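Only one chain is shown below, in structure tokens, and it's the form deposited in one PDB entry.
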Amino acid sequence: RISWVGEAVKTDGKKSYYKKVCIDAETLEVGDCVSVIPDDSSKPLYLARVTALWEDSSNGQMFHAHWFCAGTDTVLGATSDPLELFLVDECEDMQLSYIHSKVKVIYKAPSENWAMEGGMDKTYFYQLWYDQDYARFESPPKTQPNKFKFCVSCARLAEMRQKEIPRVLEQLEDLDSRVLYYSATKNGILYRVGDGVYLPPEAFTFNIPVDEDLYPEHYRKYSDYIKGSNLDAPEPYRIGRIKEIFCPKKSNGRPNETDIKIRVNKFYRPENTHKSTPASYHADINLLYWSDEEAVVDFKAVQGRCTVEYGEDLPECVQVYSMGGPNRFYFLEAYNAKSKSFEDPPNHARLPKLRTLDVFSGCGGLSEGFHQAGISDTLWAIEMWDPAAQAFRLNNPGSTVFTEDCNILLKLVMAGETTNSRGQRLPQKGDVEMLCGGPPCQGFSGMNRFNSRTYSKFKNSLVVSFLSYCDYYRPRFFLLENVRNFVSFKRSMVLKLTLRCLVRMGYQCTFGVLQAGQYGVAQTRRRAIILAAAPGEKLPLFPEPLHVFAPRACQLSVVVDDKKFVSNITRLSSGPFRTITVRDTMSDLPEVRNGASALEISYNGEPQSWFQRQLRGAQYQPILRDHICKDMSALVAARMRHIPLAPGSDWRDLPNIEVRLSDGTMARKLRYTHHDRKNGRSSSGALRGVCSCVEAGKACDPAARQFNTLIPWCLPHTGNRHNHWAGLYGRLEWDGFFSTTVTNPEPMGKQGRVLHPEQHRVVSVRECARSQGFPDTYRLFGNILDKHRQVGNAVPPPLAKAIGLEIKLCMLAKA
């Protein structure tokens, strides 16, 4: 049968504990690993570590099973090592009758000389702990012993439970109906009387028909959807100052400490006063107004903690305070809602950087963000394209910039070479502490029709070149950025093989999708991010959103092999700061014409928004650089001049007129040869089809093509299968956001919403840089198309900065 080895060690109620057991041949101990056959006989064997052995008074002999995770059930899937398992926080008590056999598993700890093992290329083994929800591989926790029957998974799942439960800490006074407290804790955050709190926007309230003859293609706007619009963006958090923490005293009288309430003073954002949304235009994004309005909410509703300080009692200035920490707000005046006026507030309101190598550096958007975060000095940068190399050099005088193929340069280092052919010193093992880069996006971009032409192999891709840098140099931290489609390209195989390489090297790693607009730009730009960290390090979290942003642009979850993954991000429906708009981004720039080429002009005025104050910098700038526009042809310029200024205007609003051009001498009038039965006809009975495509799908006749037309011919030609080419020749809206900033803004590109909100022209280089969050002092290089490409390829610095601050926490938390 199954008899016990020895006697009992613990006496706990209906369970008699033991230390070791014997099942028919085999002595079994705690710490031993076993196998368990599943109920589904088709499924493979289950594996676990034994952490407890006991006997119940009603049921048979029991044991506690800390489950292992097979690699094939992680995000790796079929690319996993068959013998690799991963620790997880899953466990359960089971009958000893379920144990099939004892199995040996080894722990493959990284070597003490792991950072030098790079470049040199029948038993279960594990090296990493896995999180099934966030696709995180991490070093095994160090939760020591809960002395004998110490399950690792139980210890931290309970520690996670206490961390998440709202608890009061220090009583302050026992009143008639409530018990006042001085402090409370929640999700690891300590709240005390006087602190600031984030609250959901619903926590409390405050005390305050077209003439189809001339515009024929107007019918194609039946969708009534406006790309770039900010009508459905959520409100930012409510902010309040804790006045009381308290619990209902029961009918007996002791406090019910499971039902914690807080009373707060309401803070007004500028846009919450009688001066509505326009009040936000010029104000700092973290300016508040004190108010004497109070509100009671449940402690559970608190979304986080913030600092709200009286402005004039701060020892440093307001800019040094605002730039020196997260979640920092300030106030100067108070708001009297009934008086609708502003009064003075009452009296009762008063690490050394990492040496970084930037591969595919571009002009340096990613490196600039990491520098702003204060974590890195990019001492080496590799960039094959000379104009972008030169841009990087102008902004980073202490950096060694290699205008080199990254493949060639790594081959040189691996062969023992100390310098490149220019005489520049090559980084060696030990020099590189951080490795970051965005490989070209163009092979993964969904707009690329012809990705099926040249690049087919993964072994020969720049992504693998980049991982070879990681393997060779073995940096403390690693970052790879790309377009969102990187996670889904080739049924997610590229994502899975990248993560597979990292764990094979011994790296902790993870991946996620981030929306740049949630970190401080007026732009929808969803980017995939792989983070990795060396074994002795802490793996960074993805940064919590700072700005609210339109929900349709914030779909960040990723399906891989019928398993949905999300990142650690918990701010899903609100955030501390309002959204950044096209107005915030470029309302201060002077008017220029189509084809403006003056490289250095006057600003003609001071910065207007917080965002412009931040990007123009503290030091006075007498000259505005690179506010230059592509010189569009007479036809295209004539098209832009008749795109209405109203929000949502694009090619579909173009009049059907002939127009004399500046230097094209005439633009022809497109007319509807054949009929579209799907779309019908307009008030006049006009055909509504422009080619032989729209009848029965037969073929295009070249006679139906109409050259040099004002309404471009190719857009009605294929609009029915392209959603009416929405956005092409489209204007931005002052209250909206940019669509994705691309390398060459052109009104008939797929991302065609490139027209200025008021001027008859494509957005300038400076405006594109502003949409990416570049400081106005950030140097670009080359002709105007070179400059557009450097900006369009770049990681927005505010996004890179947010990621970098997460890396900073890991630098501080290690030692």
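For the two forms, the rigid core is made up of the largest set of C-alpha atoms that agree within 1.5 Å on superposition. For every residue, the number given is its place in the sequence shown, counted from 1.
Missing coordinates between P145 and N146 amount to 1 to 3 residues of the deposited sequence. The stretch of deposited sequence separating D176 from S177 contains no residues lacking coordinates in this entry. Taking the PDB entry as given, 698-706 carries the higher mean Cα B factor of the two stretches 369-377 and 698-706. If you average the C-alpha B-factors over 168-176 and over 560-568, the higher value belongs to 168-176. Within the listed group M505, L531, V75, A667, the record reports its top CA B-factor for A667. For the set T581, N327, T123, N272, the maximum C-alpha B-factor listed in the entry falls on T123. The deposited CA B-factor of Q790 belongs to the lowest third of values across its chain. Among all modelled residues in its chain, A158 ranks in the highest third by Cα B-factor. Looking at the C-alpha B-factors along this chain, the one for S456 belongs to the highest third.
For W67, the recorded CA temperature factor ranks within the middle third of the chain's modelled residues. Sort the chain's modelled residues by C-alpha temperature factor and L28 lands in the highest third, per the entry.
Only in words, not in the display: the form deposited in another entry, which the text now covers.
Shift analysis on the rigid core between this form and the one not shown singles out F444 from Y191, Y289, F444, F329 (C-alpha displacement of 2 Å or more).
Once you line up the core between this form and the one not shown, the Cα of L809 stays within less than 2 Å of where it was.
Core-superposed comparison between this form and the one not shown: the CA of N59 exceeds or equals a 2 Å shift. With the core superposed, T454 shows a C-alpha displacement of at least 2 Å between this form and the one not shown. Whereas the shown form places them at one spacing, the Cα atoms of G446 and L755 lie at least 3 Å farther apart in that other deposited form. In that other deposited form, the CA atoms of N451 and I382 move apart by 3 angstroms or more relative to this form.
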